[PDB]
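Analysis of the macromolecular model
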Amino acid sequence: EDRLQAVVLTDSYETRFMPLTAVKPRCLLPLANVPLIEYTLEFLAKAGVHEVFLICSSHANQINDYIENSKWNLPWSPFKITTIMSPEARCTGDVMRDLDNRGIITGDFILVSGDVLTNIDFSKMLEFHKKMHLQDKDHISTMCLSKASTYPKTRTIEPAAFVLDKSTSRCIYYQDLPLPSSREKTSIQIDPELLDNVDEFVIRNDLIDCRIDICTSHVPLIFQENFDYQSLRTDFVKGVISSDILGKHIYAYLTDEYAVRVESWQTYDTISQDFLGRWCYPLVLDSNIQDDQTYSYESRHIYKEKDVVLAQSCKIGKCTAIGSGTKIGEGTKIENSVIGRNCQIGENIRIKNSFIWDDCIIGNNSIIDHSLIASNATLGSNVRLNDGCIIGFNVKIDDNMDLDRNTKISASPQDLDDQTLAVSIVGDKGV
Amino acid sequence: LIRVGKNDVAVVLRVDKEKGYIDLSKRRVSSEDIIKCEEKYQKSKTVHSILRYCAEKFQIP
Amino acid sequence: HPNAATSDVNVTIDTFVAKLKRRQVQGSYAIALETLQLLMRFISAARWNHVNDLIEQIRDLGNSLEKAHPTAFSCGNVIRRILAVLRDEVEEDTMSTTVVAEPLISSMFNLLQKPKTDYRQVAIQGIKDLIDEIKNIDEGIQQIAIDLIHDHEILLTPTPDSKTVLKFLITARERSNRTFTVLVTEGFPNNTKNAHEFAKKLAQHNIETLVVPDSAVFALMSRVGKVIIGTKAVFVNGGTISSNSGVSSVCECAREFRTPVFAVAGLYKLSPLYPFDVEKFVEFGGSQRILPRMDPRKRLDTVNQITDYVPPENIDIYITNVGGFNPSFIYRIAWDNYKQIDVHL
Amino acid sequence: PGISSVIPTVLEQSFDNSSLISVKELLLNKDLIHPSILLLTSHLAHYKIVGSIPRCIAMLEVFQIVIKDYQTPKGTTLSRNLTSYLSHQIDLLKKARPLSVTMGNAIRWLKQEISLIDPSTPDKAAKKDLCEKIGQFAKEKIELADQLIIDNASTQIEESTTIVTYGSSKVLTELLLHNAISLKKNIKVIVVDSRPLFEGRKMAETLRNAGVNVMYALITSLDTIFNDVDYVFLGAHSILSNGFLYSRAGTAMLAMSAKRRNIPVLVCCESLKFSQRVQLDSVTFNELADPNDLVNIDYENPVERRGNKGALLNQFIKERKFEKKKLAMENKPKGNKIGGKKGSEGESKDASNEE
Amino acid sequence: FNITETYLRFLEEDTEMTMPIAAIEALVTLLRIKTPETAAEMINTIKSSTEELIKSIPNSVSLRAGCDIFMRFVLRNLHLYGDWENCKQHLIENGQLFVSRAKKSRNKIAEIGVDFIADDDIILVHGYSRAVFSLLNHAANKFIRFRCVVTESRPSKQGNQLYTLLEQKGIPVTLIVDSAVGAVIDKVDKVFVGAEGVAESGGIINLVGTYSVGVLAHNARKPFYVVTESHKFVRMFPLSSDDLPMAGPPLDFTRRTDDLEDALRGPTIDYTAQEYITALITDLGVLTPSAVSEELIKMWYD
């Protein structure tokens, strides 16, 4: 039951975040004024990890530096960090092959794709996995699933329709749809290979992706054997179902509580909002995980760190978090928005449902609505932004600018409009 | 009983035939006269209705 | 002060932190026990040479622990007590090393005016004493506790989460000559299951049990005789932190009707630090337990809290293992257990 | 004939005066009853939406329907067995769920109407005029009154508001909705929920269906919700001859809390809800229901968990009782919004003698 | 012809003219020129005039109450269904008649409702009303053991004026600051108050500080009294503790100044709850508990 190793699939979903991920690594970016890797690490610790393995390729030096700086580098940690360095750009099959070549895989190894933070206890899950394994010899891997918000409507990228059994908790079919976004395929598929064996058929769609996998020693060998499987969800699970190796079982764990992985931008925002509220049961910033953090709890879901300065007569709405070393002026209307560490806010600024990253200067008499500002990117005087406007690294938005709905701004100093240099594109300036 | 929309009885007490001030009464009604008044009002309303569709149709005053 | 000095000498600190953060450890008593164990480990293993330096180190450790978890008061308290125990011994030693008059046990003017031994064993003994104290509280309460409740009187019970309060009730109920009717308030988002359990226990004990919803407190208040709190932490001026949900309103009601409000906890739960802010010490619960769905629940921001704070004006009695005390007197008890400099770390 | 005896759970020691038992699943009855009454009774017994205001209206509607369907026998006159039928209906209602003050008033009105027209007139002419009259009455004393109340409230509300609300009172819902839509002010609505009926939840849902900024709380969570917040509104059932607020469950405590924390409470009532019956406590006459409401373990109404509790009869000496209607203190509410615009609650029966 | 001008006309006189009565008289005068036979030409105009007056108000409340009372009276008048001339004449008569009545009412109050102070009962007086002063002076006239305690009123040094008024009567007096008012309740028997208006709820609309006094009285169980001439019933509801239709600012937080200019903007009008009143002395019989509300109901028939 004890002694379990962890392999984390990092630097995999780059260019999916279309403006960012070009200069700095994907996972190093802060969720709520603190890096995304830390949460994942915490989760792993909670689960039960004895050795840490990270897959790095895109900007690996920075990752290494971070690791060196991190708390787990010191000898007090039960798990040590040793990174896998591989050639640039490869699929999860190739990575698996590489891992196999090296050879550290023992027993029930943990494989996590992307970064996930959830509240559910893992020991029970592990126990369940063990018991099910003890049933039959040819058991493969565990999948995590959670109940969705009644009806699906905000899910377009990965709205997977899971046909499931109640007695064994096993997947029957996996399919992706663009149905709510584009009315071309509003569609359902069922295969007849497992009809006269299961009987209890339950057709469901409202289940959210987690992508946390508890895997046996068979999986890397399987990957080595069948080199056609580049992905792990679309081709692999389906293959397993359609009897690639005959007489084999897979898991689909069902939980009533919240569990969602990071995937896009709106989804990320939603996750952040959830974190801000009391959705996750023990996951709160006021506990202080990074040790340098000095967060404290206040009334009406408001987070305040130490050395946070806010001026008199500023009406605040609901759910606000402020990072350390902030100076905010007078006459501000703040509603459902997070302000980063050491940010300098001017005077008379109306904010609604927005997001502000680490060290950003917001200019006087500006309106920000449902838009994101990345690290070290500054807003000037009189800037009016609409819903879902992503701003990249070090973008200097100077005096007087207006940007419409869903305008993406580049991060590296290419194809998308508005650049890192002085003034965003209303008058042509840049490289 | 009265409030909004419902038909209610009137008789002209005092008229200022110079600028526009009209005095109206409900209790003065000559007994059953109320019913007659109501009928008259209804008739007037019907007449108005009659000369509304034609005004909109032929586009004339 | 970082954890650079303690890595191979003491390792359990990290484990303690883990227990605190993800709530693997439950019940204040257990936390206290853990703290005691940690202290013992520190004592048995580490090296000192000097005494003041050691004291400073201990203080630093305490501070670190506090920083790791603020809602664990018992942990802090125990440490403070240990420090106090050390301090007196140190003071005694100094007098022999050098080789005084006082009106009472402690003097105010001594602060204004200018003022190797086997202390380790004494320190060790202190821990044991503390453990012993923790072990039995109910035995030192029941001699005072089963004197207040009378025949044909009605009790009202907010917070059934505490293990001591139930025991106290049971001891009273044991007596054949005494008969009382029990009204139990539920506490919806945090106390419900616990309340139910308490009710079941009462039923088992063969007493008249009345399960009352949180709304039906007002109608029965003309018959209510006494009020008992299931508090978790005691403080300086009198104010107390209660073991989750449905305490404040009931207390207010009692105050309005001039119903006597009792409190049973213990001196290990008693803290020498002041509760200056309600927002700082009181921790909030979870939104997920109240209402299903997530997408419409972004609009529906729900407010729910674990712990509850009650002002010292409503509560009048604090019966502990030593005896019956008041909110106007309990400060002195704390002083008798924790010294003057040991308050700030 | 009906059904008698057989009651679930313990009868308890205290609070035993009113009916708490009965037909839940129908078995053998008199073969003359119009089914609409039965259906209504079935609804009322297992209702989670209604709260003082709509019930009476529903009853009136039912009565109207009955009148429409009513046919005079060839032998006996229009009123001979009609009274008996009415009595039977009343008995059925009582068996299902005890009669309210509004319902009593309605019954009285019906009786008066019956007395007014003596058996001499033909069938199709009498009931034509009766139904119209009743409709007119309904239009007058109910809807119009409500509208008036709403308008009064409109002028009474100032600038910058933060309100804590409770109940499934329709008038309050109307008010809040009005505030949200047509006034366009800075309104914040905080909702309090109760265990016996999910009224708060319903209110929240309604608010959502409009698009209002909503905080959601309970009876326990009140010490932290204040720590900016000013107005408190409650829904009343009936005001007695004493002047005390004879209303639903969790109101009185809230009022007390409001009183404690500076700012007073405002309650709304209709100009027909007033009663001549004298009582000063909840012990006198109370709406008591079966302990089946206090079985579900949080979250939602339909969940059914095999947790810790699930027995009542087998348990030795265990009393699980809950109350629905309460009597709040007189001095605590300051504002009363009735048919005569504005007034104090200490007036008691100023409209009762006025009729 | 103007009502505002008429109102202005009285300044240095007063002290018996019940301002509202004067207002009523002015209204009557305004009416009896442009033919009160027609209701179309007249009532609307009267309403407009009242609105104008309201708009022009610096710091007065009772005017509205007076005007609405007048309106009510007018309404009552034309229920006899006789003739337009005689009724009009009667209405015209009823203006000066109303003024005449006030004096009689005052007399009634000063002869019947003065029995509260008899056995050397020490009185705490705040809020300037003419009726209370009349009661005091006419008690002195009657000769009775009595003592006076004065709380310092500060709108524009009215306390001093009050003191001076007291002086021209022969009676020992002392000055008390409304901060040390909590310290002295021991020797002082009963608290008496003059009001600007009586609310729909029952409570009292008054001056610079009364609520605190009421609270103190409640604490001490020494009864709180209000003496007013019975015509100060306005259709106004103070729903919360700190709300009234006020001309002045309701607790305005002024910006950071340096030369000490904006400071004196403290609450000059305060409201107390309905439960605080023990006895309300009025000319239309000794009535208190829920009498004002009843009167209002009678007036509006609702």
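What the entry reports as its method is cryo-EM, with 9.40 Å given for the resolution.

Moving on, we get to helix α6 (residues 170–183) of chain D. For α6(D), with 14 residues, the first-to-last C-alpha span of 19 Å sits near the 20 Å given by 1.5 Å per residue. Those residues of α6(D) hidden inside the fold are in contact with α2 (53–69), α5 (123–156), β1 (161–166), β2 (187–193), α7 (199–208) and β4 (232–235) of chain D.

Before going further, it helps to examine empty space enclosed by the protein. Estimated volume of the largest cavity: approximately 460 Å³. Residue lining of the largest cavity: 20 residues in total, with D:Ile67, D:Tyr70, D:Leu82, D:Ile114 and D:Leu130 positioned closest to the centre. When contributions to the lining of the largest cavity are tallied by element, the ones reaching two or more residues are α2, α3 (82–96), α4 (101–116) and α5 of chain D. For the lining of the largest cavity, the leading source of residues is α5(D), giving five residues. Across the lining of the largest cavity, the residue classes tally to 14 nonpolar, three polar and three charged. Taken as a whole, the second largest cavity spans an internal volume of roughly 290 Å³. Lining the second largest cavity are 19 residues; nearest its centre among them are C:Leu39, C:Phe42, C:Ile43, C:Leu54 and C:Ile58. When contributions to the lining of the second largest cavity are tallied by element, the ones reaching two or more residues are α2 (28–45), α3 (52–68), α4 (73–98) and α6 (119–135) of chain C. With six residues, the single largest contributor to the lining of the second largest cavity is α3(C). Residue composition of the lining of the second largest cavity, grouped by class: 15 nonpolar, three polar and one charged.

It is worth spelling out the interface of chain C and chain D at this point. If you look at the interface, chain C gives 49 residues, while chain D gives 47 residues. Among the elements that take part in the side of chain C that touches chain D, helix α9 (residues 188–204) of chain C stands out by supplying nine residues, more than any other. For the side of chain C that touches chain D, a count of residues per class yields 23 nonpolar, 13 polar and 13 charged. Summarising the sheet, strand β8 (residues 300–302) of chain C and strand β3 (residues 214–218) of chain D pair through three bridges and their orientation is parallel. Residue pairing for β3(D): C:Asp301 is matched across the bridge by D:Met215.

Counted under the stated rule, the structure contains 25 aromatic pairs over all chains. Between A:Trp265 and A:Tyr268, the aromatic rings sit 6.3 Å apart at their centres with planes inclined by 80°, giving edge-to-face as the arrangement. By relative accessible area, A:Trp265 is classed as buried at 14%. Residue classification places A:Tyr268 among the buried positions, given a relative accessible area of 8%. For the pair C:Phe73 and C:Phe235, a centre-to-centre distance of 5.1 Å together with 90° between the ring planes defines the contact as edge-to-face. One exposure class covers both C:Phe73 and C:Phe235, and it is buried. Members of the aromatic cluster, connected to one another through ring pairs, are A:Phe17, A:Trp265, A:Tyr268, A:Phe355 and A:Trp357. The ring centre of E:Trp84 lies 4.5 Å from the NZ or CZ of B:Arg14, which sits over that ring. The ring of E:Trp300 is capped by E:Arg235, whose NZ or CZ atom sits 4.5 Å from the centre of that ring.

This part is about the nonpolar core. Counting residues in each nonpolar core, the largest one holds 100 residues, and the members touching the most others are A:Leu20, A:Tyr39 and C:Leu156. For this core, the element with the highest residue contribution is helix α8 (residues 252–260) of chain D, accounting for six residues. When neighbours within four sequence positions are excluded, C:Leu156 is seen to be in contact with C:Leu183, C:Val217, C:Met221, C:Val224, C:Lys226, C:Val227, C:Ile228 and C:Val250. The next biggest cluster of nonpolar side chains, apart from the first, holds 50 residues, and it includes C:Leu20, C:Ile82, C:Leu83 and C:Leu202.

Before going further, it helps to spend a moment on the environment of E:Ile281. Structurally, E:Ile281 is set in strand β9 (residues 277–281). Taking the C-alpha atoms as reference points, E:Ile281 and E:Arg130, separated by 151 residues in sequence, lie 13 Å from one another.

This part takes up the sheet that holds β1(D). Strand-to-strand pairing in sheets goes through backbone hydrogen bonds, with the strands running parallel or antiparallel. Reading across from one edge, β8(C)-β3(D)-β2(D)-β1(D)-β4(D)-β7(D)-β10(D) is the order of the seven strands in this open sheet, with parallel pairing throughout. Of all strands in the sheet, those with a lone pairing partner are β8 of chain C together with β10 (333–337) of chain D, marking the two edges. Across the sheet, the mean angle separating the axes of adjacent strands is 30° when strand polarity is ignored. Both strand β7 (residues 265–268) of chain D and β10(D) contribute to a ladder of four bridges, which runs parallel. Paired with D:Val265 across the bridge in β10(D) is D:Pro333. Sheet strands in contact with α7(D) are β8 of chain C together with β1, β2 and β3 of chain D, and its direction is about 155° off that of β2(D).

Bringing the sheet that holds strand β11 (residues 324–325) of chain C into the picture now. The strand order β11(C)-β10(C)-β7(C)-β4(C)-β1(C)-β2(C)-β3(C)-β8(D) describes an open sheet built from eight strands, whose pairing is mixed. The open sheet has two edge strands with one neighbour each: β11 of chain C together with β8 (319–320) of chain D. Both strand β7 (residues 261–264) of chain C and strand β10 (residues 317–319) of chain C contribute to a ladder of three bridges, which runs parallel. Following the sheet pairing, C:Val264 is matched in β10(C) by C:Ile319. Of the strands in this sheet, β1 (153–157), β2 (180–185), β4 (226–229) and β7 of chain C are in contact with helix α8 (residues 163–174) of chain C, which crosses β4(C) at around 140°.

This next bit is on the environment of A:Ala161. All names here are of chain A. By the element assignment, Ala161 lies in the loop between β5 (139–147) and β6 (162–164). Since its relative accessible area comes to 18%, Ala161 is described here as buried. On a C-alpha basis, the gap between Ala161 and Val8 in space is 26 Å, while along the polypeptide they are 153 residues apart.

To continue, consider the packing of α5(D) against α6(D). Residues and elements named next belong to chain D. Remark: α5 packs on α6, axes separated minimally by 10 Å, with the N-to-C direction vectors making an angle of 50°. Here α6 runs oblique to α5, going by the angle between their axes. The crossing of α5 and α6 is right-handed. Of α6, the residues touching α5 (which contributes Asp146, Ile150, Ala153 and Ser154) are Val171, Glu174, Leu175, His178 and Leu183. In terms of residue class, the contact of α5 with α6 is made up of five nonpolar, two polar and two charged.

Attention now moves to unusual backbone geometry. Located in the positive-phi region is A:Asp11, a residue other than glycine, with phi close to 55°. Tracing the chain through its elements places A:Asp11 in the loop between β1 (5–9) and α1 (36–47).

Conventions we followed
Residues numbered from 1 in each chain as written, not as in the entry; some residues may be left out. Chains lettered and ligands numbered in written order. Part of a larger assembly, values for the part shown. Heavy atoms only, no water. Residues with missing side-chain atoms left out of burial classes, pairs and counts. Helix = DSSP H or I, 4+ residues; strand = E, 2+ residues; numbered from the N terminus. Expected span 1.5 Å × (residues − 1). Contact = heavy atoms within 4.5 Å. 1 Å grid on protein atoms, 1.4 Å probe; cavity = no way out; pocket = protein on both sides within 12 Å on 5 of 7 lines; lining within 4 Å. Points joined across faces, edges and corners; volume = space filled by probe spheres on them. Nonpolar A, V, L, I, M, F, W, Y, C, P; charged D, E, K, R; others polar. Pairing = 2+ DSSP bridges. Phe/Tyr/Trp six-rings, centres within 6.5 Å; stacked < 30°, edge-to-face > 60°. Buried < 20%, exposed > 50% of the residue type's maximum accessible area, 1.4 Å probe, protein only. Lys NZ or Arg CZ within 6 Å of the ring centre and 35° of its normal. Core = buried A, V, L, I, M, F, W, Y, C linked by side-chain atoms within 4.5 Å. Axes fitted to C-alpha atoms, helices over the stretch in contact; angles between N-to-C directions. Parallel < 35°, antiparallel > 145°, perpendicular 65-115°, else oblique. Left-handed = near helix turned anticlockwise from the far one by under 90°.

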